[PDB]
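Take a look at this one chain, the form deposited in one PDB entry, written out in structure tokens.
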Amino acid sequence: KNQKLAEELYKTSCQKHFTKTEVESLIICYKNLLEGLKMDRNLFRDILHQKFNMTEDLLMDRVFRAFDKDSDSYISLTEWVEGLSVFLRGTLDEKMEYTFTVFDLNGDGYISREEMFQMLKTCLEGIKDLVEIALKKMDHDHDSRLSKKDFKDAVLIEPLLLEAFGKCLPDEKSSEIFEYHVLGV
């Protein structure tokens, strides 16, 4: 019902950070918010806005897209749980994997200057400077763009650039409030 559902999702999801009863709590939550309705871009937009204090149109579309793995324009239960696992309790690897996906605006496998300009602006002229810093202080093949390895493998040795890219993630305050209310931590 809710507990049979929790069972099936704990069994099948590639979510790594939540116990099964925490999963049950996240299903109850999904249903209280929707009530049969499939969670779509609008509703997801409000959750990011009201519960997690994201303001930018472009940012919130990009977050919606990273959660919507299957690209059907709905965050299923599975995608809610999976995305919330990363989004609230993600390891560095997952966060960077997610951030790269948030930032790669055409899915070519690389973050270009133009991409990096647009996404750092909306996340946050020092934005242009930052874009040159990141490119300079990261890659082996300096070709004005950053492969997935260049992003991940570099940020490891300049932390503060992580945090410019990590406005695609909730601040500490939003996460504790959410985790408190919904999960009970």
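Residue positions are given as counts along the sequence shown, with the first one as 1. If you superpose the two forms and keep the largest set of C-alpha atoms that fall within 1.5 Å, you have the rigid core.
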Absent coordinates between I157 and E158 - deposited residues affected, binned into four classes: none
Tell me which stretch has the larger mean Cα B-factor in this entry, 31 to 39 or 140 to 148. 140 to 148
Return whichever of 115 to 123 and 65 to 73 has the greater mean Cα B factor according to the PDB record. 115 to 123
Options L48, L26, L58, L135 - largest CA temperature factor per the record: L135
Which is it among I177, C168, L162, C14: the one with the largest CA B-factor in the entry? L162
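There is another form of this protein, the form deposited in another entry, and it is not shown here; the text below is about that form.
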Once the rigid core is lined up, just say which one of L130, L58, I27, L43 has a C-alpha that travels 2 Å or more between the shown form and the other one. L130
With a threshold of 2 Å on the C-alpha, tell me if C168 counts as moved between the shown form and the other one once the core is superposed. no
Kindly indicate if, in the other entry, the C-alpha atoms of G166 and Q15 are closer or farther apart than in the structure shown, bearing in mind the change is 3 Å or more. farther
If the C-alpha spacing of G166 and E172 moves by 3 Å or more in the other entry, is that a move closer or farther apart? farther
